[PDB]
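Chains as they are written, first to last, in the working numbering: chain V, -7 to 85; chain G, -7 to 85; chain H, -7 to 85; chain F, -7 to 85.
Protein chains: 4
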Amino acid sequence: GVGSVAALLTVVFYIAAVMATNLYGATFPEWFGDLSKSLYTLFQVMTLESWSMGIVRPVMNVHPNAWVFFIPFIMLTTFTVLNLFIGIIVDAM
Amino acid sequence: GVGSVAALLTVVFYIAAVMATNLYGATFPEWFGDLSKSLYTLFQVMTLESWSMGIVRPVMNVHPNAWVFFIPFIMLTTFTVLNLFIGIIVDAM
Amino acid sequence: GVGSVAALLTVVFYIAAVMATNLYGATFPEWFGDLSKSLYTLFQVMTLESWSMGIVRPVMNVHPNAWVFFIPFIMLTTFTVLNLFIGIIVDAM
Amino acid sequence: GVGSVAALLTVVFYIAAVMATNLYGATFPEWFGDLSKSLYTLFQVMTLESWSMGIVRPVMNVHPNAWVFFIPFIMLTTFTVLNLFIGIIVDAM
Ligand code: NA
Ligand code: NA
Ligand code: NA
C-alpha cells in the first residue's frame, strides 16, 4: 500500500532530523541547528545534491563516523521513493 | 494518456517561471530576472543540479520561505517526468 | 531492440561531440577542445553532474544560446538511457 | 535472483576500492588514501555526486587516463543498482 510508505518516510525523516539536529546541530548550525533546518538538509541529501562534497565531508572533518548516519539514510530514502513512486503509478493500472 | 502530461508540464513550468520571476527576480536577476532565465533555472532545479547549494540556499538567505516554492515544484516535476517517461514506453505495448 | 539504442546513442554522442568541439572548442578548450574532451564533458552532462552551474552557465556567458544545444541533448540522452536500461532488463524476462 | 546482485556489488566495490587506493592513493590521499576512504568516494561517484568536477577532473590532471577507470565503474554500478532495486520489487510479485 502507498499510504504506508509516505507515512513511513515521514516518520523516518523526523527521527533522522531530530538525530541530526542532536548529533551535528551544535557543530554545524546552518545545516543542522533546527529540526526544520535539518529536514531541509536531509531532503537535499535525499536528492543526492552536493551531499558528499557539500555536507558530509565537511561534517566528517569533525565527526569522522558521520558516514554511518548519512549513507544508510540515503540508501533508505532512495529505495523507499522508487517503491513509492512506482507504487502510485502501478496502483491505478 | 501521455499527451495530457507534456502539456501539464509546460503549463506548470510557465506558471512557476512567472511566479519565480515575480517573487525572486528583483533580488536574484541572473537566475530569475526574465521569464526565459527562470525557465532555464527551474529546469536546472528539475535536474536536481546544484539546486540547494547553488540556488535555493542563497535565495533563502533573502527569502527564508523560498523552500515552500521550490521543494513542492521539485516533488511535482520529478513525479510527472517519471510518469511521463514510463507513460510513453508502456503506451506502445 | 536493445542493439539499435546503444548504437543510436553512440552516433548521437559523436555528432554532438563534434558539434560541441566545433561550436565551443575555441572559447572553452578544457571542456571542448578535442573530440575526446567533448565526449567526456557531454558524458558528465548526461549524468546531470554540475552541468548547469559548472558548464552551461559559463558557456552561455559567451554563447547565450548554448542552451538550445545542451537542454535537448540532455532530454535526448536521459530518455534513451531509460528505454535502454529497461530494454535489457525486460528483454531477458 | 536478487541475492547474486548485492554480493556482486560488494565484490566490485572492494576490487575497485583496492584498485583506486592503489592507483590514486598516493597522489590523492584524502579521496583514495585508504580502502575505507576509497569505498566512500567510490560510493559518492556511484551517486553521480560532484564526481566529474570534484573528483575525476582533478585526478585526470595527474592521471589523464583516470577516465577509463571511473566511467566504466559508473556505467556498471548505476546499471546494477537499477537491476537490483527493480529486482527485489518484482521478486515479491
Ligand atoms: Na542526480
Ligand atoms: Na548532482
Ligand atoms: Na551535483
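By construction, the Cβ of each residue, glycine as well, lies at the ideal position given by its N, Cα and C atoms.
In the DSSP annotation of this structure, the continuous segment of the alpha helix (DSSP H) that includes residue 81(G) starts and ends at 59 to 83.
The region 68 to 80 of chain G makes no contact with the region 46 to 63 of chain H; the number of CB pairs closer than 8 Å stays below 3. Annotated as proximal: residue 45(G) and residue 42(V), with beta-carbon spacing under 8 Å.
When secondary structure is reduced to three states using DSSP, residue 35(H) falls in the helix class. Counting only residues whose CB is nearer than 7 Å to a non-hydrogen atom of ligand 1, the list in chain order is 40(V), 40(G), 40(H) and 40(F).
Considered as a whole, the region -6 to 34 of chain H harbours no complete run of any beta strand (DSSP E) with no fewer than 3 residues. With its beta carbon less than 8 Å from one in chain F, residue 46(H) belongs to the interface. If you draw a straight line from the Cα of residue 7(H) to the Cα of residue 20(H), it comes to about 18 Å. For residue 48(F), the closest of 15(F), 85(F) and -3(F) by C-alpha to C-alpha distance is 15(F).
Residue burial annotation: residue -4(F) is exposed, with fewer than 16 other C-beta atoms found within 10 angstroms of its C-beta.
Interface with chain G (8 Å Cβ-Cβ cutoff): residue 77(V) is included. Closer than 7 Å to some heavy atom of ligand 3: that does not describe the Cβ of residue 44(G). Pairing residue 0(V) with residue 72(V) gives a Cβ-Cβ distance under 8 Å. Assigned with DSSP and collapsed to three states, residue 42(H) falls in coil, not helix or strand. DSSP places residue 56(V) outside any alpha helix (DSSP H), giving it a letter other than H or E.
One Cα belongs to residue 30(V), the other to residue 40(V), and the distance between them is close to 15 Å. In chain G, no part has a C-beta under 8 Å from the C-beta of residue 6(V); the shortest such distance is about 16 Å. Remark: C-beta atoms of residue 61(F) and residue 34(F) do not approach each other more closely than 8 Å. Exclusion of the five residues before and after residue 51(G) leaves 16, 20 and 58 as the residues of its chain whose Cβ lies within less than 7 Å of its Cβ. If you ignore the 5 residues before and after residue 24(G), its C-beta comes within less than 7 Å of the C-beta of 12, 13, 16, 17, 30 and 33, all in its own chain and listed in chain order. Taking 8 Å as the threshold, the shortest C-beta distance from residue 35(V) to chain G falls below it.
Annotation: residue 82(V) to residue -7(V) spans about 11 Å, alpha carbon to alpha carbon. Chain V has no Cβ within less than 8 Å of the Cβ of residue 16(F). The beta carbons of residue 38(V) and residue 69(V) sit about 4 Å from each other, so the pair counts as a contact at 8 Å. Around the beta carbon of residue 9(V), 16 or more other beta carbons lie within 10 angstroms, which makes this residue buried.
Residue -2(H) has its alpha-carbon roughly 30 Å from the corresponding atom of residue 85(V). Taking CB atoms only, residue 39(V) has a neighbour in chain G less than 8 Å away. Taking 8 Å as the threshold, the shortest C-beta distance from residue 81(V) to chain G falls below it. For residue 42(G), a Cβ of chain H is located within less than 8 Å of the residue's own Cβ.
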